[PDB]
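In the block that follows, a single chain appears as structure tokens, in the form deposited without ligand ADP.
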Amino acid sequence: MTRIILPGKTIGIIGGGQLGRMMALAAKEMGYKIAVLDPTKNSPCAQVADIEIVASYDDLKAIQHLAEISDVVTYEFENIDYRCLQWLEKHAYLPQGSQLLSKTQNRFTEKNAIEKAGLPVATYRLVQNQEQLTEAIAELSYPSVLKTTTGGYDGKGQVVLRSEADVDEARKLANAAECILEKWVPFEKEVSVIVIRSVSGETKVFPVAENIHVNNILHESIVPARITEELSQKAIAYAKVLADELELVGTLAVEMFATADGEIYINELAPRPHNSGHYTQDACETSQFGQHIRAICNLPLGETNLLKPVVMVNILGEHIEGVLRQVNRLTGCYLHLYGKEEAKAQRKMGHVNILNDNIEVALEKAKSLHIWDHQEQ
């Protein structure tokens, strides 16, 4: 409430991926110690942490060990079972709580929470079997999109239904997992806003980013987003409403659709630093990682001013060879690589923040490097 976790103390992180690694690096600058729990040895985060606990996320015993050596605990792994987070908020210090994670983990529960906040979402229906899929298609028509309610993107995730010809594919998915069908709402661009709220209630919002996805993987984030001032203001206001209604502590990434007629629909939420906020490491006065640490520790939040326009480009497994071969050409580019040993095609290996006074020159730079030819097409 007024509880402050002072520099020198230990922050425990559940999950050792790139998000935890970058949380850790930010915390280290401020003089915090870092403990991490991850199922695989020498994770990106372990490479920066003082203490490594190699164990499963459901390993209640190892979770207790993390709780014992930590003064505060946060998570970066978003598919963690919220029963484990319920244990921590009662027996350790987890200022984020378990509630928000539980609401944002399931696309259906997520939509209900956005609606209760009074914000606009695409019309949606829960799909648990073929009869329900049929009814949902009949009610919402085409175009629509079927998405699994919980984390299961690896190989499938979603089916876009442009016409009746895509129904066969949707039925297969509907059998494989619980789904929601959402009406496809026409939009000009996807945008996101990172909002941070500390234990003491202090709230900061980062600049609106314009996101470009390829095969449903983030390719580029563009800041400032190439949208109207009024859309930017609305996006920012929407993020503040969510932080307050969801009683946020820590970080919330709000992904959005911006339509040609100036409206914003809330797409999805992530209760953590998000890929679309990586630009902040090089372009803002505080990074989202530095902010997240400040939020949970209850330090004054840093400023979120955009200090230079930026295009973040993702480096997937398929790009890493190209990046390393082209290192000599990275003038004006700020490389971040996560220390993952095995490259797989779609695995996130790093990102590059391209800073320029002109956003179009930054975009042209990414194209000129030809590392992302596959994405450009």
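Shifts are known only where both forms have a C-alpha. Counting begins at 1, following the sequence as shown. In this text, rigid core is short for the largest set of C-alphas that superpose within 1.5 Å between two forms.
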Quiz prompt | Given 103 to 111 and 80 to 88, the range whose Cα B-factors average higher in the PDB entry | solution = 80 to 88
Quiz prompt | Comparing 296 to 304 with 142 to 150, the one whose average Cα B-factor in the PDB entry is higher | solution = 142 to 150
Exercise. Have a look at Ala55, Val310, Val313, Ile34 and flag the one whose Cα has the highest B-factor in the entry.
Key: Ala55
Quiz item: Whose CA atom has the top B-factor in the entry, of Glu230, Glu285, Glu131, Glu255?
Solution: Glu230
Quiz prompt | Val323, C-alpha B-factor rank within chain (lowest, middle or highest third) | solution = middle
Quiz prompt | Modelled-residue ranking by C-alpha temperature factor, third containing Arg197 | solution = lowest
Exercise. State the tercile, meaning the lowest, middle or highest third, of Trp184 with respect to the CA B-factors recorded for its chain.
Key: highest
Quiz item: With respect to C-alpha B-factor, does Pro271 fall in the lowest, middle or highest third of the chain as deposited?
Solution: lowest
Quiz prompt | Position of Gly157 among the chain's modelled residues by C-alpha B-factor, lowest, middle or highest third | solution = highest
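A second form of this protein, the form deposited with ligand ADP bound, is not displayed here; the remarks below concern that form.
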Practice problem: Please name which of the stretches 91 to 99, 293 to 301, 139 to 147, 245 to 253 has residues with heavy atoms lying within 4.5 Å of ligand ADP in the entry with it bound. | Solution: 139 to 147
Quiz item: Contact between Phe108 and ligand ADP in the entry with it bound at 4.5 Å, heavy atoms?
Solution: no
Quiz item: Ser163 near ligand ADP in the entry with it bound, any heavy atom under 4.5 Å?
Solution: no
Quiz item: So in the entry with it bound, does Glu182 come within 4.5 Å of ligand ADP, heavy atom to heavy atom?
Solution: yes
Quiz item: Taking heavy atoms only, is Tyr82 within 4.5 angstroms of ligand ADP in the entry with it bound?
Solution: no
Practice problem: Let me know the one among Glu285, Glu263, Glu202, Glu268 whose heavy atoms come within 4.5 Å of ligand ADP in the entry with it bound, would you? | Solution: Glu268
Quiz item: Which listed residue (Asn216, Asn175, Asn305, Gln233) meets the criterion of a heavy atom within 4.5 Å of ligand ADP in the entry with it bound?
Solution: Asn216
Quiz prompt | Contacts with ligand ADP in the entry with it bound, stretch 187 to 211 (heavy atom within 4.5 Å) | solution = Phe187, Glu190
Quiz prompt | Core-superposed comparison between this form and the one not shown - Cα displaced by 2 angstroms or more, from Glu247, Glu303, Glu230, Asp154 | solution = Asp154
Self-check item: Once both forms are overlaid on the core, stretches between this form and the one not shown of 3 or more residues with C-alpha shifts of 2 Å or more
Solution: 152 to 154
